[PDB]
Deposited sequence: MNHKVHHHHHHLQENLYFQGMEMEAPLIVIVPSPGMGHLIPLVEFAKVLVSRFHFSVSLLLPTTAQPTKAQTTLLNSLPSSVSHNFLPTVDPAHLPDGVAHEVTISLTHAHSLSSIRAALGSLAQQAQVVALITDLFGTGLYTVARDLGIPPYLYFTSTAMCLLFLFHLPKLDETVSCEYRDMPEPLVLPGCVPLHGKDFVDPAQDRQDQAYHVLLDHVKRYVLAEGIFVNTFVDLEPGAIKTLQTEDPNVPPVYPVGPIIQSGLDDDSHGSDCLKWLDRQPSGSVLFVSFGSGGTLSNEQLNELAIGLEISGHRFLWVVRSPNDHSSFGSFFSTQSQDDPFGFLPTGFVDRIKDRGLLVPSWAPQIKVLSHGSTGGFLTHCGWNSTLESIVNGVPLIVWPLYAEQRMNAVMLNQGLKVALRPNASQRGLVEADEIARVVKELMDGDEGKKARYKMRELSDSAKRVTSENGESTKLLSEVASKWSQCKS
């Protein structure tokens, strides 16, 4: 069985998407997958349990640890990730040498930060590939980032005019990816360094489909012959008290409100959201992430009782919404919620994983972007595809409760919500088509895989 080697960037956040890709490869084709994992620490229980859950065709090997002592403190995560790859490069070469004894290595696939491996792979006669985990629009943006860096002198937020990528919605500088928001930080230079090596990939898989991003994909595929082949092969997505609650609600009636593991809002903003949800009169499932108590000088909290996770919310709020709302602390089974017939909307931070789950389930959005490339995704979903509504922020940047109620009602009962819902269902239909047995996404992946089987 020919062997595909996959090298995820360190951290669960990078492991998960590539593990999903690994599962797709071994389930659809006659391939073995070997995960080589650069690391700065011993496996956690969570990573161990994920890796042990994989089929026998997928093996994994933690590389010799890079000591965090040999890494700079106080740098952005992207820098840490990049340096970890660099320090593991020798190990990966040795592992590839070892694996070549056991099987023929037909391909090497790495995340947007594994680009240092591509030359190494070419020299060993292994075609290297990028599994790109954001939008085609985001990839297009990155391919233009070198030219942008040269011709633009200010911080991108200070740009007078939005950037218009061919076939894409206009994109203001303040909505550029988070690594590019500070040109003075090492993270920015790291992103640039890796982007400049995308051209060395044999091909780039993007977790998207043509009908979703016709413009961006077309540009990527025909604007510049230098850019490697771009393969849209998505959507690829994974796959409990709140589900019991959802079961009891009418069909299409619940606004699911959830930011991710990494997004959190201010107390002031959470309170406007709570009151806005209440006054909308609509049903809602809200995954709440408590704001971390900020301990100013002279302040002393109580260890007497467990923090009520909802203690920060307005007095009487919880009692008032008992008829129509459920508050869930920290985590909910997102896919199950999005696929549940009771769910009629999703207030989301527009992470691509979350977005894709929503698209395949035909759930329209209220967009509330926070970090990474979310603001770019929000503009794409709202202005471009029109499958999302967007509340107007105040001059300060706070979204008021009256505005939140307006947009919740617009999505749930309003005509704009009807329009967004129909467009989202269209995309849901396309998504099901392209990933079917004979679908465009299925066929393309299969076509690329076939050259690995020789």
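Counting from residue 1 of the deposited sequence, the stretches lacking C-alpha coordinates in this chain are 1-24, 264-271, 487-489.
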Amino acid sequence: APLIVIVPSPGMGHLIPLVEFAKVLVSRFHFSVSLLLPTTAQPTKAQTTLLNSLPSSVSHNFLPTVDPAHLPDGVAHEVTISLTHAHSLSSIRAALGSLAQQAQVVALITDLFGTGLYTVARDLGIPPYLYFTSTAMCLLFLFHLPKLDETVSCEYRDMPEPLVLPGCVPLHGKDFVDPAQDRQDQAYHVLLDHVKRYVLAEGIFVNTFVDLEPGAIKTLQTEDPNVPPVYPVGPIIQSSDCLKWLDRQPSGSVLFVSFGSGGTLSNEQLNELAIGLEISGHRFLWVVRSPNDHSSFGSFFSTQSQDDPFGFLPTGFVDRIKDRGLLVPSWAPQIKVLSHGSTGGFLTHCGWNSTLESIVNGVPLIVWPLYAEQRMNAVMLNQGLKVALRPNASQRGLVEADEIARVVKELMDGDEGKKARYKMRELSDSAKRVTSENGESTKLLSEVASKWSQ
From here on, numbers count along this sequence of modelled residues.
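Just going by the entry, 281-289 versus 157-165 on mean CA temperature factor gives the higher value to 157-165. When 188-196 is weighed against 293-301, 293-301 comes out higher, by mean CA B-factor as recorded in the entry. Across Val233, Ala378, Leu243, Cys138, the greatest Cα temperature factor reported in the deposited entry is at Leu243. Residue-level inspection of the entry shows that, of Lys322, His85, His349, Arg183, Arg183 has the top Cα B-factor. Among the modelled residues of its chain, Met412 has a C-alpha B-factor that falls in the lowest third according to the deposited record. Per-chain ranking of the deposited C-alpha B factor places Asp308 in the highest third. Sort the modelled residues of the chain by CA B factor and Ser436 lands in the highest third. Ranked by Cα temperature factor within the chain, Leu54 sits in the highest third according to the deposited record. Per the deposited record, the Cα B-factor of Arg406 falls in the lowest third when ranked against the other modelled residues of its chain.
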